[PDB]
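Report on one structure; see the data block that follows.
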Amino acid sequence: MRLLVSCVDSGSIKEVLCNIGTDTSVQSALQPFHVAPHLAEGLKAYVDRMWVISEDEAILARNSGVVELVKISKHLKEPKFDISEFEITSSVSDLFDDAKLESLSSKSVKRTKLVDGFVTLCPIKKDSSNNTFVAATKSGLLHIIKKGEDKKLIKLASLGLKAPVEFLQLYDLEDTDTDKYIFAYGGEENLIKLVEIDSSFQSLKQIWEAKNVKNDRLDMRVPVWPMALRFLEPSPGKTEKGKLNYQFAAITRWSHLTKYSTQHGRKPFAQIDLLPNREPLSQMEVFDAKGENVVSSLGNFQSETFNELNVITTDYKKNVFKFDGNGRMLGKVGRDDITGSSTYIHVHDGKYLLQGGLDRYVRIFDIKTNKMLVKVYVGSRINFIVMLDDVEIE
Amino acid sequence: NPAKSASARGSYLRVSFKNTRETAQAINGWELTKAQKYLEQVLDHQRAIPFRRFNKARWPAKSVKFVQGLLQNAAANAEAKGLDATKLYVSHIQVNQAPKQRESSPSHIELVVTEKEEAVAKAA
Amino acid sequence: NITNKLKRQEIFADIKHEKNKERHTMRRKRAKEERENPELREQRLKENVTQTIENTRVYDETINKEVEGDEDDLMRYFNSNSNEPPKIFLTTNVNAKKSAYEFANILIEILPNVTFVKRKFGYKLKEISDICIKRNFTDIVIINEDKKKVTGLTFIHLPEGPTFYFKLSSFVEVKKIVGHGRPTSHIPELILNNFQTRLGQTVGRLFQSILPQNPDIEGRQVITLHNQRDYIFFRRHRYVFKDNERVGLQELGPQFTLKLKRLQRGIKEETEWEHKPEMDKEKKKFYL
Amino acid sequence: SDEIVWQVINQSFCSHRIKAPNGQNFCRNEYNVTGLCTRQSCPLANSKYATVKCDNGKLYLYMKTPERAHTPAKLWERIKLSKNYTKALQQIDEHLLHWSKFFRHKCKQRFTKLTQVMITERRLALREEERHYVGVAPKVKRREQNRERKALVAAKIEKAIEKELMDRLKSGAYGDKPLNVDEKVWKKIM
Amino acid sequence: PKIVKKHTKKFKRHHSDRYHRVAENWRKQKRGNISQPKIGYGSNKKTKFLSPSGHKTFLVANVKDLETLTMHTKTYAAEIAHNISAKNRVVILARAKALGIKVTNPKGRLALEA
Amino acid sequence: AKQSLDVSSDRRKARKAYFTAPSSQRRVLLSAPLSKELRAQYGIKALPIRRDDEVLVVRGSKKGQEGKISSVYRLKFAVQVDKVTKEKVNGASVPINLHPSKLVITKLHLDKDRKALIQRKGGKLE
RNA sequence: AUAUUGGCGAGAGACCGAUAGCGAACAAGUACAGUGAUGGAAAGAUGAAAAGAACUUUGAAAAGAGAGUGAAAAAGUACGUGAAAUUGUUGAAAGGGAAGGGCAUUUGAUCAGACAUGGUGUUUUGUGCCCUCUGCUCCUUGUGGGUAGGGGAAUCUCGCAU
RNA sequence: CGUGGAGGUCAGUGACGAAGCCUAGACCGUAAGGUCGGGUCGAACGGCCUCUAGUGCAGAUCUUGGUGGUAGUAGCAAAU
RNA sequence: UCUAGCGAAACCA
Ligand SMILES: [Zn+2]
């Protein structure tokens, strides 16, 4: 297994070559074959988001608003294996706008001040040879980055959204042939909104907005802080004329799993208190219980049935949760081994779980058996990991 | 403070309890080496153990033998802890009764020896 | 075997008696043989080693590992600047009693540029943080008292610095100390002990930042924070550099015990580390 | 039968009835308006009955008729009360028209109490909570005390202080003839 | 109202200090310097069973018992039973402050951490 | 409940039966349930454990461990599995006396008596 | 068909819970006493697991002290829990051949002593069971109960938030 | 008013600590007594309506056990 | 005759 870890405390990446069963916490256990620091740029500019294009290049998100294309090589470690060496080829800068964020710092739930981050780094198109990628800020700035034919990153557009955008998910299910580019986004009292952008990437159109539920048991307004989202297949049966054909699910801050059928309408037809006392939730991943890969490359759950949906989330404490489509807890994941708030989790290939957070520990978990596969100390706070191909050296 | 303090404990000690209480009250609050030299003078009948409650000053040998055995034990424990010998004075001592039969009156002797403190002259 | 009470007690006590007889004779015979030869004494003590818990701790890679980006993080999340002294803010919790006021008065003399407030009802922590930022306080200290006893401490570095919640267990005043000593205006030196884990180095850099730098060498005063078994001990002392090469001490001000309960990113935002009793049951990790 | 049922409930075992230290009695009957178990109070002893009672958010007037003495599943009739306090008291007086003074009076009282409880709960939900309650297990407390004692006795911290002070001194870190150390003693080190 | 107590002290047996085997409960003997219990010391019927807070106490085991004091808040005061576990005591306290009932013994088996 | 008169429900009789049991009855008492896989293999839930077979631990402080049984300590109603030991401060090793109700058998050691027992209990033995 | 404080077995108890219950829950008709006939005790609880304290050291030896196991030695084969009588040390006070309490008050020491922090009216804006339109559903069929979709607060109005 | 046991009930309490013990801690009872805090502790126990009794102790030179002073005294096979 | 060691019982609002 090869891993690339965005290491915050160094402001770098680390390449990890380790086999199944590697545990750094025990001397008797398997030790990792190779640990490689790369591209250390200080804590002010740590890696936010990485996009691997198949092998030879990766895409980096700075905290300085800079998006970087990096050439990836392999060279022999001098049990034999190649290690990887990194070379930045192109960079596009100046994509953050903290002025609205310090402007909105009064109406803010968190106690710390607000700074911009690249929340979304992904292609716009499910088809390959896209060379047209998106970069989403917390400031609502959506940037259209083109890989040039001279192999140079060039920005095409910089469009605005509403203020704080905690998350932005693209819809990649069906009809890649048609030029229809659907995404959703939301944030602190910023409703989940479906927006189509034009395929010429010069204009967007907000096509849908959610609506809030009625008042609670205490007749209070329910606070709106959605945290994450994925898409499903649209509604089967008869479409209702002029509603929309979209079905998708989301995780709020206040422990609500919220399901959305646009055929039903703008209000949640289903909202679930997952945890007592409205515990904060951080990320949201979707998975098959048997480790199967049932999602898109952007992770959208390729089914129509909300009851088939199974999710994994994290709080701001040390907890990793599993839930069904109804909110019943399928279990806790590696609860006895983590000690930190898992900042980052990810379902890799259906059957592996990337974990890394404040614990300074990279944890490959099994999806199906719920067993820890690999534990690695890295010496840095973790916010993002990509997993390369499985290698099984010796 | 447990750090600058050693301890010695004796249990079930088949001695006359009343005589041991007197000779333990005689030794309290003394420097360790001076108290041991005093106990040596007791064995030569040079200086006697004064009797206050259970009574004039005798020389009860069997009590003093076990007492200085515990004093050697506490000194060895202090040196294993690595304390000063000259600062080391007995601070606490207590005798109480052991159970009667397993008519005799045995006892539990214990003592705590402590380094004498020395203060620091303040600067400016 | 035997289940009668008085038979079994007697038999096992006599077995103990014969055993301790034999052990005394054997150590005395070894003592005679090591009177003769000082080699096999050394061969015994090299042969068998007295196991202690300090000897046997679960291996951690955080021990003796360098911190990545330690200087930028050290200026970032900590106030580590000789140019900028810290504004320290004392935040004694709502409806405080007299005991926490006395402990705050103690803590005045420890910390530099320290400022006290009496909290009032209805001020949220974001509002307080905003006001302390506008007044350029760089860290706030919250005393949590309960039942007229100071039980908890909270440390927050203000420019989005990390939150620390320590549990104070045992506290001794100055007057209950026998070797009393009188502290002076002189800035003490500082001692940090056994902070070698990565979280321990984080906490050590925390206390290194919060405590005043630049000690007064004239007034021979020192403070100390010892770490043992996830129990840190605060004391403070006066120097006697003896001719006999052992420095002499007098425990000047108050002593207490702290234990980190919670280490959180930011101003109560996300928790890096917590304490649990299920962590305590393993009894050999000692998360420092 | 109501007075027979009442004297059974009174002179023998009312399962809901709770006995105070004062001597006063208290029904745990969920429909009972007053807390008490008295002749007017037990809903079991009376067939005409009414009660302000809240289901999750909304407050409902619950009516009990002698007409439905049988069929206790279909027993209670429910009326949604208005959020206007005045209008809901008017609704109470409407549905309790030609009705006795006790049920209307105590029913208005219970309505006011429940609405003010709603107000205080909204307040406490909005109220900031720094401290949270922790009960401490005695097992945990004893481990804390004894292990702090074992750590303090184990670590002879004073000797290690003397060690690190000699380490800082011999390492340097004080210059030539420091103000800490006497000059003769420092020359003995030198 | 103004609570009269009629007897501050306690009523002890004659010669109760003179022997350790003799208890301190009132037992009738079968000088006059010993206060003897009698019905004249019985307190006023309005003032009887009143705390110094001015309430009548009421033992509460769980939340359903606490809800029985919903209407009589100013008259009574809830007291948590001695054997309630600490998980339930915080729930009882939150529910009681929601109901606005004075708890006689808060902070029993409980501490406030952070 | 108890329908036969010849069955008794006295606690004192039941404990006196339990603690004074002969060893042939004890191996019937010392029984462990099979795995879901072994139930899918043979169609049978629980079996008298012996020492030659292989097991996993599903409760206790040593939960999620496994091994071959070293020896069945029938006198203490207990069973020493190999490699689940406490290592003393001398360095020597002593196994945890496990209890077969807290164990799940993973790999059976099949014998002719064992195969015939599976057959008489209705097993679909391969 | 009847009796059955014995034998061989069962099954029960509004029985006693280790000074009780058989003398005997335990190596009890035992130890022991009597020449004998006979009489006849006391004595239950480490822990979940002995994991029963490796090793160093004092120590004739008994016992220690470091150390460690254990969730707990505030469980160390003197062992669940561990009352009183009584003993030792320290602290405080009093006494000088002083005895105790009752009342009442000082002094000294000491403890308790809000998770209290709201209500009323007005105003700003926002939101929803508020308004409007379009539904669905349960019967106790009414002075009902639940529930959906879209729109609006541009105006009114209620509740909520502000 | 209190105690052992029994029927019903509180979907009573309880390993986040029952019962018991201590409590120069508070409260309610005229009292018999009851309630809570704290400490210790480790596995069961209470309130209410009834039933039932081997059901309430300071003495009986009561029974059994434990511990005093006498007293380091008498005295040295007083048991060894 | 003294020391040391061992060490009672009678009786006891
Ligand atoms: Zn009633």
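Ligands are numbered from 1 in the order shown, chains are lettered A, B, ... in the order of the structure tokens, and residues start at 1 in each chain.
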All residues 9 Å or closer to residue 13 of chain H, only C-alpha atoms (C1' of nucleotides), same chain fewer than 4 positions away omitted, as a PyMOL selection string: (chain E and resi 61+81+83-85) or (chain H and resi 18+45-46)
Can you check which parts of chain H lie within 10 Å of chain B? Per residue, the shortest pair of atoms and distance in Å to one decimal, counting only C-alpha atoms (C1' of nucleotides), sorted by chain and number, as CSV.
residue,atom,partner,partner_atom,distance
H:71,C1',B:54,CA,8.7
H:72,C1',B:18,CA,7.5
H:79,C1',B:103,CA,9.7
Nearby polymer residues, ligand 1, at most 6 Å, only C-alpha atoms (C1' of nucleotides) and all ligand atoms, as a VMD selection string: chain D and resid 14 16 to 17 27 37 42
Give me a file of those residues, with N, CA, C and O atoms, as a CSV table (one decimal), in the first residue's frame.
chain,number,residue,atom,x,y,z
D,14,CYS,N,-54.7,2.8,46.3
D,14,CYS,CA,-54.6,3.6,45.1
D,14,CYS,C,-53.1,3.5,44.6
D,14,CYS,O,-52.2,3.9,45.3
D,16,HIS,N,-51.5,4.8,42.3
D,16,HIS,CA,-50.8,6.0,41.9
D,16,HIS,C,-50.5,6.9,43.1
D,16,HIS,O,-49.7,7.8,43.1
D,17,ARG,N,-51.1,6.6,44.2
D,17,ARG,CA,-51.1,7.5,45.4
D,17,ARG,C,-49.7,7.4,46.1
D,17,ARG,O,-49.2,6.3,46.3
D,27,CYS,N,-51.3,11.5,43.8
D,27,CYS,CA,-51.5,10.6,42.7
D,27,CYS,C,-50.4,10.8,41.6
D,27,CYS,O,-50.1,11.9,41.3
D,37,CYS,N,-53.9,13.3,45.6
D,37,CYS,CA,-54.9,12.2,45.4
D,37,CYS,C,-56.0,12.5,46.4
D,37,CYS,O,-56.0,12.0,47.5
D,42,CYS,N,-58.5,12.3,41.9
D,42,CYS,CA,-58.3,11.1,41.2
D,42,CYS,C,-59.1,11.0,39.9
D,42,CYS,O,-60.4,11.2,40.0
Within 10 Å of chain I: residues of chain B, using only C-alpha atoms (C1' of nucleotides), as an MDAnalysis selection string: chainID B and resid 16 45 58:62 103:104
May I have the residues from that selection written out with N, CA and C atoms, as a compact mmCIF listing (two decimals), in the first residue's frame?
# COMPACT_ATOMS: atom_id res chain seq x y z
N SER B 16 7.61 -6.70 76.77
CA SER B 16 6.72 -5.99 77.68
C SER B 16 6.33 -4.64 77.09
N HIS B 45 24.54 0.67 81.44
CA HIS B 45 23.88 1.22 82.63
C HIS B 45 24.37 2.63 82.98
N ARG B 58 14.84 2.70 85.17
CA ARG B 58 15.46 1.39 85.06
C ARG B 58 16.33 1.32 83.80
N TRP B 59 16.74 0.12 83.44
CA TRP B 59 17.46 -0.13 82.20
C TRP B 59 16.90 -1.35 81.48
N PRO B 60 15.69 -1.28 80.90
CA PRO B 60 15.11 -2.48 80.26
C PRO B 60 15.83 -2.87 78.97
N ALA B 61 16.52 -4.00 79.01
CA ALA B 61 17.45 -4.33 77.92
C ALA B 61 16.71 -4.78 76.67
N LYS B 62 15.73 -5.67 76.84
CA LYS B 62 15.07 -6.33 75.72
C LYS B 62 14.31 -5.34 74.85
N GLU B 103 -1.41 -14.90 77.13
CA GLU B 103 -1.31 -14.09 78.33
C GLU B 103 -0.27 -13.00 78.09
N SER B 104 0.61 -13.27 77.13
CA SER B 104 1.70 -12.36 76.81
C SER B 104 1.18 -11.09 76.15
Neighbour list for segment 155-167 of chain C as a list in words, cut-off 7 Å, only C-alpha atoms (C1' of nucleotides), skip fewer than 6 positions in-chain: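 Listed by chain and then number, they are residues 112 of chain A; 77, 78, 133, 137, 138, 139, 140, 141, 142, 258, 259, 260, 261, 262, 263, 264, 265, 266, 267 and 268 of chain C.
The environment of segment 18-22 of chain F within 10 Å, counting only C-alpha atoms (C1' of nucleotides) and disregarding residues fewer than 4 places along the same chain, consists of residues 12, 13, 14, 26, 27, 29, 74, 75, 76 and 77 of chain F.
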Residues flagged strand (DSSP E or B) by DSSP in segment 66-271 of chain C, as a PyMOL selection string: chain C and resi 88-92+114-118+139-146+149-157+163-172+189-193+221-228+231-238+240-241+247-248+251+255-265+270-271
Residue contacts of residue 150 of chain G (9 Å, only C-alpha atoms (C1' of nucleotides)) excluding same-chain residues fewer than 5 positions away, as JSON, numbers by chain: {"A": [265], "G": [133, 134]}
With N, CA, C and O atoms (P, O5', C5', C4', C3', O3' and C1' of nucleotides) kept, could you save the residues just selected as a PDB file, in the first residue's frame?
ATOM      1  N   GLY A 265     -40.200  17.785  -2.618  1.00  0.00           N
ATOM      2  CA  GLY A 265     -40.191  19.227  -2.484  1.00  0.00           C
ATOM      3  C   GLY A 265     -39.027  19.699  -1.638  1.00  0.00           C
ATOM      4  O   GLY A 265     -38.082  18.965  -1.364  1.00  0.00           O
TER       5      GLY A 265
ATOM      6  P     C G 133     -57.929  30.227   1.323  1.00  0.00           P
ATOM      7  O5'   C G 133     -57.362  29.362   0.115  1.00  0.00           O
ATOM      8  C5'   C G 133     -57.404  29.866  -1.207  1.00  0.00           C
ATOM      9  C4'   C G 133     -56.422  29.151  -2.091  1.00  0.00           C
ATOM     10  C3'   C G 133     -56.533  27.642  -2.103  1.00  0.00           C
ATOM     11  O3'   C G 133     -57.582  27.161  -2.917  1.00  0.00           O
ATOM     12  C1'   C G 133     -54.275  28.256  -1.872  1.00  0.00           C
ATOM     13  P     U G 134     -58.400  25.863  -2.452  1.00  0.00           P
ATOM     14  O5'   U G 134     -57.416  24.658  -2.780  1.00  0.00           O
ATOM     15  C5'   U G 134     -57.008  24.413  -4.113  1.00  0.00           C
ATOM     16  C4'   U G 134     -55.896  23.404  -4.170  1.00  0.00           C
ATOM     17  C3'   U G 134     -56.151  22.096  -3.450  1.00  0.00           C
ATOM     18  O3'   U G 134     -57.011  21.216  -4.137  1.00  0.00           O
ATOM     19  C1'   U G 134     -53.990  22.854  -2.927  1.00  0.00           C
TER      20        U G 134
END
Near-segment 59-76 of chain G list (9 Å; only C-alpha atoms (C1' of nucleotides); drop same-chain fewer than 5 positions) as a PyMOL selection string: (chain B and resi 6-13+69-70+73-74+76-78+80-81) or (chain C and resi 17+20-21+24+50-53+281) or (chain D and resi 139+142-143) or (chain F and resi 88-89) or (chain G and resi 46-47+51-54) or (chain H and resi 40)
Shell of 12 Å around residue 40 of chain B, only C-alpha atoms (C1' of nucleotides), local chain residues under 4 positions omitted, as a PyMOL selection string: chain B and resi 33-36+44-49+59+61+64-65+67-69
Contact residues (chain A, partner chain G, 9 Å, only C-alpha atoms (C1' of nucleotides)) as a VMD selection string: chain A and resid 212 to 215 219 to 221 264 to 265
Counting only C-alpha atoms (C1' of nucleotides), chain H residues within 9 Å of chain D, as number ranges by chain: H: 9-10, 16-17, 28, 34, 47-50
Go ahead and dump the residues you just picked, C-alpha atoms (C1' of nucleotides), as a PDB file, in the first residue's frame.
ATOM      1  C1'   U H   9     -48.025  -2.394  44.005  1.00  0.00           C
ATOM      2  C1'   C H  10     -44.479   1.668  42.971  1.00  0.00           C
ATOM      3  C1'   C H  16     -21.878   6.059  37.394  1.00  0.00           C
ATOM      4  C1'   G H  17     -22.280   1.898  44.076  1.00  0.00           C
ATOM      5  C1'   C H  28     -37.934  17.272  59.894  1.00  0.00           C
ATOM      6  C1'   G H  34     -37.284   9.448  59.983  1.00  0.00           C
ATOM      7  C1'   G H  47     -41.749   3.343  50.094  1.00  0.00           C
ATOM      8  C1'   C H  48     -47.128   2.381  50.213  1.00  0.00           C
ATOM      9  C1'   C H  49     -52.022  -1.153  51.280  1.00  0.00           C
ATOM     10  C1'   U H  50     -52.393  -5.559  53.846  1.00  0.00           C
TER      11        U H  50
END
Contact residues (chain D, partner chain C, 7 Å, only C-alpha atoms) as a VMD selection string: chain D and resid 128 148 151 155 157 162 179 to 181 185
The selected residues should be written to file as a PDB file, in the first residue's frame (atoms: N, CA and C atoms).
ATOM      1  N   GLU D 128     -26.249  29.664  27.886  1.00  0.00           N
ATOM      2  CA  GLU D 128     -24.930  29.080  27.707  1.00  0.00           C
ATOM      3  C   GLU D 128     -24.530  28.278  28.938  1.00  0.00           C
ATOM      4  N   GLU D 148      -1.724   8.947  42.533  1.00  0.00           N
ATOM      5  CA  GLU D 148      -0.983  10.179  42.765  1.00  0.00           C
ATOM      6  C   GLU D 148       0.006  10.008  43.897  1.00  0.00           C
ATOM      7  N   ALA D 151       2.863   7.956  42.464  1.00  0.00           N
ATOM      8  CA  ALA D 151       3.708   8.728  41.568  1.00  0.00           C
ATOM      9  C   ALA D 151       4.610   9.669  42.344  1.00  0.00           C
ATOM     10  N   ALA D 155       8.576   9.120  42.101  1.00  0.00           N
ATOM     11  CA  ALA D 155       9.447  10.174  41.614  1.00  0.00           C
ATOM     12  C   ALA D 155       9.953  10.981  42.792  1.00  0.00           C
ATOM     13  N   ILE D 157      11.368  13.870  43.285  1.00  0.00           N
ATOM     14  CA  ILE D 157      11.502  14.979  42.347  1.00  0.00           C
ATOM     15  C   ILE D 157      12.581  15.942  42.808  1.00  0.00           C
ATOM     16  N   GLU D 162      17.875  18.728  41.927  1.00  0.00           N
ATOM     17  CA  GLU D 162      19.292  18.956  42.206  1.00  0.00           C
ATOM     18  C   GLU D 162      20.165  18.510  41.042  1.00  0.00           C
ATOM     19  N   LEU D 179      25.786  35.123  39.282  1.00  0.00           N
ATOM     20  CA  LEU D 179      25.287  35.672  40.536  1.00  0.00           C
ATOM     21  C   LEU D 179      24.618  34.595  41.374  1.00  0.00           C
ATOM     22  N   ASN D 180      24.271  33.469  40.747  1.00  0.00           N
ATOM     23  CA  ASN D 180      23.732  32.336  41.483  1.00  0.00           C
ATOM     24  C   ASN D 180      24.770  31.733  42.418  1.00  0.00           C
ATOM     25  N   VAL D 181      25.963  31.473  41.908  1.00  0.00           N
ATOM     26  CA  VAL D 181      26.950  30.654  42.594  1.00  0.00           C
ATOM     27  C   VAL D 181      28.030  31.560  43.164  1.00  0.00           C
ATOM     28  N   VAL D 185      33.097  28.596  45.193  1.00  0.00           N
ATOM     29  CA  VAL D 185      32.421  27.342  44.889  1.00  0.00           C
ATOM     30  C   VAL D 185      32.417  27.100  43.387  1.00  0.00           C
TER      31      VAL D 185
END
Distance-based interface of chain C with chain E, 9 Å, counting only C-alpha atoms, as a count of residues only: 10
Atom CA of residue 231 of chain A to atom CA of residue 184 of chain A, straight-line distance in Å: 9.3 Å
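Counting from atom CA of residue 57 of chain F, the distance to atom CA of residue 289 of chain A is 24.6 Å.
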Counting only C-alpha atoms (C1' of nucleotides), the option among G:98, G:84, G:45, G:112 closest to chain E: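 Nearest candidate to chain E out of G:98, G:84, G:45, G:112: G:84.
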At most 12 Å is the cut-off: for each residue in chain B with any atom that close to an atom of chain C, write down the nearest atom pair and the distance in Å rounded to one decimal, counting only C-alpha atoms, chain first then increasing number, as JSON lines.
{"residue": "B:1", "atom": "CA", "partner": "C:178", "partner_atom": "CA", "distance": 9.5}
{"residue": "B:4", "atom": "CA", "partner": "C:249", "partner_atom": "CA", "distance": 11.9}
{"residue": "B:84", "atom": "CA", "partner": "C:246", "partner_atom": "CA", "distance": 11.4}
{"residue": "B:102", "atom": "CA", "partner": "C:10", "partner_atom": "CA", "distance": 9.8}
{"residue": "B:115", "atom": "CA", "partner": "C:179", "partner_atom": "CA", "distance": 11.8}
{"residue": "B:116", "atom": "CA", "partner": "C:179", "partner_atom": "CA", "distance": 10.1}
{"residue": "B:117", "atom": "CA", "partner": "C:179", "partner_atom": "CA", "distance": 7.1}
{"residue": "B:118", "atom": "CA", "partner": "C:250", "partner_atom": "CA", "distance": 7.6}
{"residue": "B:119", "atom": "CA", "partner": "C:250", "partner_atom": "CA", "distance": 5.8}
{"residue": "B:120", "atom": "CA", "partner": "C:250", "partner_atom": "CA", "distance": 6.3}
{"residue": "B:121", "atom": "CA", "partner": "C:240", "partner_atom": "CA", "distance": 8.5}
{"residue": "B:122", "atom": "CA", "partner": "C:219", "partner_atom": "CA", "distance": 7.4}
{"residue": "B:123", "atom": "CA", "partner": "C:219", "partner_atom": "CA", "distance": 4.9}
{"residue": "B:124", "atom": "CA", "partner": "C:219", "partner_atom": "CA", "distance": 6.4}
